[PDB]
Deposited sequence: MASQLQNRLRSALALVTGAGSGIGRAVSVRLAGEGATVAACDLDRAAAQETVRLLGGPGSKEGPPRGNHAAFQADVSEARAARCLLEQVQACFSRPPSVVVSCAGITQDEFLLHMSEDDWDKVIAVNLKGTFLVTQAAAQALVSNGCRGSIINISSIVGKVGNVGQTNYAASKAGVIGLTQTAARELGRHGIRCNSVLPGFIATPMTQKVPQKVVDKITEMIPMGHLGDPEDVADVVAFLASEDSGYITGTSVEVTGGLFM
């Protein structure tokens, strides 16, 4: 339908081994973009690459919460494709839900390190790789609708996702005159392995709360990402796009 929109584009996707990150990799490759699928689980990253003119797609393993892994990842992609990724998407995220009164220091620090610090490190390294090559780019950070309104049992998750928004807004302001756009995606509840960790009736209640009356599929997020990645959104930066089905609008 609309391939070759990203024909001349290398796309780095962290957490591409499952769910949203996987659907993003499929959609990006579906429009012509060579995808560098990154994930903590290499077996999951390789599985994504298997479901996809120059060379081929590549699987990468990196812990985005580690500063060294965030650097080595970018360097290894540049080593593989002889160029920095024009499209960078951060789907690497985890949940460690607990009520505020009972949340341990580890449940907090881990979510922050991966979702917030992890996104920061990926954003920073990707930006540095684009500035040192004079290449334009589009950085897409997957936040959440939780990052705007907060949520029960997600003190650590909401704070991290909200931080991503304030982070992306700053990045967009600095990388603006460097030809690099920065945007955040704010998805509602999506049919991904993350929401399979939500009890069925809680999902039922959520479903009857979403105005559209159903959980969105990961392809819906990929649609937004593909748009933000292309030059169709060339005048869109520092923007938060909500794909929630009307939830918490």
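According to the record, C-alpha coordinates are lacking for deposited residues 1-3, 56-64.
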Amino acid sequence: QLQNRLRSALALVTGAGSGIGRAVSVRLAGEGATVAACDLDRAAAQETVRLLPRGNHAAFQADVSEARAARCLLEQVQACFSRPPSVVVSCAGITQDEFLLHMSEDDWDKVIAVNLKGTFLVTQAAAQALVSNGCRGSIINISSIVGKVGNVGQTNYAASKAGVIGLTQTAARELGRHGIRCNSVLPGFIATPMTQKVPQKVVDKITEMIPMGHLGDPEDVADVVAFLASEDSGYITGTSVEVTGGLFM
From here on, numbers count along this sequence of modelled residues.
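In this entry, 175-183 has the higher mean Cα B-factor, the comparison being between 156-164 and 175-183. Averaged over Cα atoms, the B-factor as recorded in the entry is higher for 75-83 than for the other of 140-148 and 75-83. As recorded in the PDB entry, 51 shows the highest C-alpha B-factor of the residues 206, 194, 51, 221.
Set against one another, the Cα B-factors of 122, 111, 92, 129 in the record reach their highest point at 129. Placement of the Cα temperature factor of residue 9 within the chain: highest third of the modelled residues, per the deposited record.
Ranked against the other modelled residues of its chain, the C-alpha B-factor of residue 31 as given in the entry falls in the highest third. In the PDB entry, residue 115 places in the lowest third of its chain by CA B-factor. Remark: residue 198 belongs to the lowest third of its chain, ranked by C-alpha B-factor as recorded. In the PDB entry, residue 69 places in the middle third of its chain by CA B-factor.
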